[PDB]
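Letters A, B, C, D, E and F mark the chains in the order given here, with residues in each chain numbered from 1 onward.
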Amino acid sequence: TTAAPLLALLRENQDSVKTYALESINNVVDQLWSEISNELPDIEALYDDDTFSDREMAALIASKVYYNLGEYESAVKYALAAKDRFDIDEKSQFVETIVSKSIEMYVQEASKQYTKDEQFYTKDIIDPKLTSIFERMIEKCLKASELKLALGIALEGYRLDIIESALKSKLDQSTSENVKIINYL
Amino acid sequence: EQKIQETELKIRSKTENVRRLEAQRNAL
Amino acid sequence: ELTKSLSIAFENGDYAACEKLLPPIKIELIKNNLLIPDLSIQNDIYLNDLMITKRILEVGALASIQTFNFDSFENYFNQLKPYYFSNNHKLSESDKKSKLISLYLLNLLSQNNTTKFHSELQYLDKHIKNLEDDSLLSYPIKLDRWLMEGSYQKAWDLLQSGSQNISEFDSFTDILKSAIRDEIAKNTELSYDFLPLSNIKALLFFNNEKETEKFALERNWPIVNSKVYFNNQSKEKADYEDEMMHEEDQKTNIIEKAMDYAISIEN
Amino acid sequence: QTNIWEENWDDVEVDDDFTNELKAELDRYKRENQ
Amino acid sequence: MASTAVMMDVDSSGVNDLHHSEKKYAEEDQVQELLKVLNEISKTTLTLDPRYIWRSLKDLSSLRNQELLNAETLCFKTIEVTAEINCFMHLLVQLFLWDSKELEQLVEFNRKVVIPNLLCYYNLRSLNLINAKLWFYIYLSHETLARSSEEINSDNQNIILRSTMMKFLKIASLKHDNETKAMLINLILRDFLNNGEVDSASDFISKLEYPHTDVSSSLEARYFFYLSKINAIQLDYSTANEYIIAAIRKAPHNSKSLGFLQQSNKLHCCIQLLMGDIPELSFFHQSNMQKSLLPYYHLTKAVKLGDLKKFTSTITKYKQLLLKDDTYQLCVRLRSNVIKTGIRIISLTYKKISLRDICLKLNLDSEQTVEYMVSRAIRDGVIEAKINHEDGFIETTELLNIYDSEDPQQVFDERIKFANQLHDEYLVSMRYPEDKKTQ
Amino acid sequence: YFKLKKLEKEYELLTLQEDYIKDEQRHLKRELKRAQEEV
């Protein structure tokens, strides 16, 4: 209905309730994030509160708002924060957007990391969560099992790890294709 | 994904003032 | 249950004690699903259980406001608001719900957020139907009339006479009084470079002028004997709002530069 | 209201001229009182 | 007949077939054009018994017949895809109260159209072929409720809808996922104007305008329309009007000017009130009250004087009509404003007037509330004067300058800033023939 | 995702292809304006 009751709930005590708040809030964030958009500082403080567990809720909740705010690295960051509240196979366009929105961000980093190192991707510099989810989408791309899809990514993903493995794995010599899939890329 | 997709639309939309300046080069 | 505990506690005044009854009772209504307005029809909750859930809001709010808590009050009222107004909500309804928002508008009013104050009237489902029918609601409006443009004469009196000020409301009454006069202060400021420390006090409805004197000097008003002054009625200069809007050629030159870019971006 | 008048400002008001003349008497009559 | 009815839609689908192979500008604007010519044929007797047979055949076409509800029997996967969707578009069209009365039937149908196989893949594919109005334009009607017990619960289908429109606000990915959108807002706006407090409009603001171009200036104005009404109790006046000023200016509406632009005008009329400006309704004599202005005029008529009673009298008279338009909230303020207005005029024209002679206007009205009342007035500026009661002299300022200041050149700057309006726009459109002539 | 990698990628060329031109123009602008003179 309306989240002022939730904005009520926000600073109202009982992290239990606040748990409930977020949770409850989370389900209805979609409409009322607007109303909610103001409490994000608290929500941020919430996500800063390790004491209260779910605050990744708030983070992902904030992420949702941030989409509805257009804030994405915000959202992604707090999508990153969630990992739990978040899941890739949770399907919202928002998700699938921040899914995407995450994916991109990797590349440049990776590129900027490819800049310095060409094994950069072998290394930690990129948020693993990203890289994970990234590669987890690569997985999803591997599961897409048309890997040109994965390739052009991993092309820019610069991970021969991805590429070579996906190749060798998928190398069955699709006889000419595993030759050509190479050639294609 | 569709990330990659409508990225075009930018370029797609860009296409144009260009062609004005095209007319402009002419116009010059 | 803890339900009546508070309900009795609150009923007893004693709201400081009533206070901590709420959080369990809070956790209740979540777990009771009642606190959240059930967007599926529960059949009976609103009047099954959620009755006092609707009231505990009121109850909790009334206490908090009685205790001069406001968020809590509003937080309750926030949560009341859907049971207060769902849209269709004839399902329950209650009375001090008026008083609450009345208080809470008067709160909002004292909170000095004008549009939201009025846009809440706008938000209000039935306005005049509700509004006029509530004196408590009828304060802020009539007040606002007084208030908004700045003559407070009866208003400042009105709330002193206000039965809700007389009932629970005095929380903002005093607040408002100041909040009133600060305007008048600026108004006097505006109206008067110089004013008798009398008149201003007379305007402030103060008894001691040292009451006034503080303010004016808190205001940092030039004051000689018997008279509030404004030698500078305003804040002029004071740092920012610069580099634009009074840059003589600079802007102009920027404007030149701009117009030269209207000449340059002319490509 | 009709069709085309002289239009605006707007109709303004009325009952002045005589009211004036009343006082054009009176004012002057007052000035006659003067 | 039904043939010709169908024949027209054949052309539509034929033009849908344009878009089918990547060609909207034709299709949409044609569909746009079609939307108007849609009124012609209308109905759905044999158009559909011949449609559901002309196209192809699909489960949903069957569930659609539940909306049809009739008897024909008789005898008699690609082309029948988005056409069917484009006909689901016309399904909504069949819902206008054109070919319908209770769309609360169609309500679910709408969902059951909207949600299934639709509201799905369409991001850039469907180009505002969604009409969320005609989605909601349905629900618009039913919101005559009253009856519904709102809705369901309270009122969640709309909350849902809001959230569903929210579910589009996500889908507004700005992949071009835009056009229809802020109707959603506009809905929600008028939903605020139904109940809610707009101010999350600020968030709606925070997102966007209906970006950008291909949106109907109508909506784009209707955007402003409510968006005006934002500033209404947001108590910005110009911008509100500016919206109106950006709404009625070039929103294209004659048929919809009729009841609907009056609305605009009403608030528009209400604007100058907010500023106490009272333009000459000498025009607003025209295409007005009848059913819109004249209380505003009465207001103006009052506001010309701003004679509280005579003022109130109008309100006293028209409150329901005000209430009808909920312009009632207004004017409650401009009451003394015009009082203060008069106070300013043919009066401050001395470097003073006294306490009591200016109090005389209040000796006409009140006393030493004057102090407030004048401070009330001075408070706002809106006049410029001073006093000393110690003097008892209400000291009424010049307001006299020259253009020595940058004040003109501000306006010049204002003019300057505009120098790019048509100038930069010329380049904004320089393209179109110039660039398409290359084609 | 993919055929864009083929497809999508190619269009920054256009992005570039666009980009060049104004440059030419500004020159050409100046070009007239300098040529314009002796005229």
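As a convention for this text, a contact is a pair of C-beta atoms (placed from the backbone, for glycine too) under 8 Å apart; a residue touches a chain by one contact, two chains touch by 3 or more.
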Chain centroid nearest the full-protein CA centroid: E
Centroid spacing, where centroids are CA-atom means, of chain B and chain D in whole angstrom: 69
Inter-chain centre distance, chain C versus chain F - centres from mean C-alpha coordinates, in Å: 58
Intercentroid distance (Cα basis), chain C paired with chain B, Å: 52
Centre-to-centre distance between chain F and chain A (centres being mean Cα positions), rounded to whole Å: 37
Two or more partner chains touched - positions in chain B: 1-2, 4-5, 21-22, 24
For chain C, residues contacting two or more additional chains: 37, 39, 82, 86, 267
Residue list for chain E, restricted to those that touch at least two other chains: 154, 156, 159, 173, 196
Touch relationships between chains, expressed as pairs: A-B, A-C, A-E, A-F, B-E, B-F, C-E, C-F, D-E
Interface residues, chain C side, partner chain E - complex: 37-41, 82, 85-89, 114-116, 118-123, 125, 127-128, 141, 144-145, 148-153, 183-184, 186-188, 190-196, 199, 203, 227, 246, 248, 251-252, 255, 258-259, 262, 265-266
Complex interface listing, chain A residues touching chain B: 96, 99-101, 103-104, 152
Interface residues, chain C side, partner chain A - complex: 23, 26-27, 30, 35-37, 39, 71-72, 74-76, 78-79, 81-82, 86
Contact set on chain E toward chain D in their complex: 280-282, 285, 304
Touching residues on chain E, where the partner in the complex is chain C: 148-156, 159, 192, 195-199, 233-235, 319, 323, 326, 328-329, 332-333, 335-337, 340, 366, 369, 371-381, 386-390, 406, 409, 413, 416, 419-420, 423-424
